[PDB]
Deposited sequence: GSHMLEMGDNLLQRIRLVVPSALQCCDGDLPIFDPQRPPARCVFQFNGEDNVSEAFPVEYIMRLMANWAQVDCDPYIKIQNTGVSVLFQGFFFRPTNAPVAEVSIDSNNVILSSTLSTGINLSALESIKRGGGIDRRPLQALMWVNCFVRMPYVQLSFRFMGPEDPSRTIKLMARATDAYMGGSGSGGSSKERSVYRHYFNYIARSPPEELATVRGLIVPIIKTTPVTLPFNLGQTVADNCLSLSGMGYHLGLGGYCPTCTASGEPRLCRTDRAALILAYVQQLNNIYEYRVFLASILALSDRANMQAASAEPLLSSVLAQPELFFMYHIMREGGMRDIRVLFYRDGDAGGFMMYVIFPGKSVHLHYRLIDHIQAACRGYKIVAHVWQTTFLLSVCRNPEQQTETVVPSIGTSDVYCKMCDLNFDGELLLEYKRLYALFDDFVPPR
């Protein structure tokens, strides 16, 4: 009689239970759910507002739904950029032409533009799980989707999470199988009796199973998400999770434009910037060259952000951009290792919108290439040229730029 209505509500309530509150439930008017005839329409919806950074327990919800259904199904969850928010939409079967993300353990990031969407179903999730050798024991490794709502964009990351205490989870599955006497069914029937213990269990999957991921150079920083850091060294090329990176754990558009028009003041701050233009003047007056580089204020933004972020010993090289005109810039890192804090990557991406930032390695030197793909008030070229004449430059600095321009004259950004 009423049982069927109760079975469906118990499901949706347990789903809403495990979804963090920042992703607000926004379901409409839903019908009665028949386990033997699961619906094909959308069964739940959760919404994340702009600037939200939260994780969705995609795998747990999928397996909960598969456990509820008394027939074969392939739970599918669609992740959509609404233009003002991220929208998670759940289904028992993937709609006809719904998208499925092409992700793996190592390539796990997805960036959605405005109005676009991606998705994933339990079948694809399981395939990714068995290809990466992930632990398949129930509750040892479940996938979540970390979302960083950064309108007009939505950043996603498909990550496998695990328990802080695996032994505490092996014992839970031991008590669940005892009461019952796949193995997931034992857990879901047991945990159905204690919503509090179910919440505590899902909220306990908070240990990333893959804290670092390899990348291939050249690496476009546009493939990162807001909490990704980047490490380049003799240990390889890796993306990290800002929260779980030991190095990491250890200014809007206005302030950037304000820094460009106020560069003449605190001339020492970008002494290293002007010294590059001197060294570039030799090879082939310097005033028309200085004007061209200042016509690309994003290049100054990058240099300003790098040093505000602690990367004080960087060097910048300017090369004519054959395609877009003007100049591209190489940020040369010192030494044989570099770590870009996740906050720094976020900053340089926002500051240089319209420019591609790509990490390279050339002649034992790590670098970023900044190539062109809101008006900034122009400054007086002559005002900067005159300050450049009065500035003093040590020979070591000028020789450094001599060696660097000679070293990178043969460097060709793959693009």
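- Several segments of the deposited sequence are absent from the coordinates, namely 182 to 193, 263 to 270, 305 to 309, 399 to 404.
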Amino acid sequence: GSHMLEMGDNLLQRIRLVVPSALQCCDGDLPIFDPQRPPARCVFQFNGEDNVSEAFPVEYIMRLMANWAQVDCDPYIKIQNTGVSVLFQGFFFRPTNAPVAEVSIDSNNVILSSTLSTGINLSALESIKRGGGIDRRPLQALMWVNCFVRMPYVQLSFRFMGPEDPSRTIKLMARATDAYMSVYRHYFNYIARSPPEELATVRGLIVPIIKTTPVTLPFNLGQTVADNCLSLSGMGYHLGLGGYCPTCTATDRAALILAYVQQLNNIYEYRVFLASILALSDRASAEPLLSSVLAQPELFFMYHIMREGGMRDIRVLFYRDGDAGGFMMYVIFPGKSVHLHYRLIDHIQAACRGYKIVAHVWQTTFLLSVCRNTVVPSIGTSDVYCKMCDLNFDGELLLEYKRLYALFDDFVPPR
From here on, numbers count along this sequence of modelled residues.
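- Stretch comparison (330 to 338 versus 99 to 107) by mean CA B-factor in the PDB entry places 99 to 107 on top.
- The question of which stretch, 185 to 193 or 339 to 347, has the higher mean Cα B factor is settled in favour of 185 to 193.
- By the numbers in the PDB entry, the CA B factor is greatest at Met173 among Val145, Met173, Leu317, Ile77.
- Across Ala254, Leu87, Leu232, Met161, the greatest Cα temperature factor reported in the deposited entry is at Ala254.
- For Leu23, the recorded CA B-factor ranks within the middle third of the chain. Only modelled residues enter the ranking.
- When the modelled residues of the chain are ordered by C-alpha B-factor, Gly240 sits in the lowest third.
- In the deposited entry, the Cα temperature factor of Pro57 sits in the bottom third of values across the chain's modelled residues.
- In this PDB entry, the Cα temperature factor of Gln155 sits in the bottom third of its chain's modelled residues, the lowest group.
- In the PDB entry, a CA B factor belonging to the middle third of its chain's modelled residues is recorded for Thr201.
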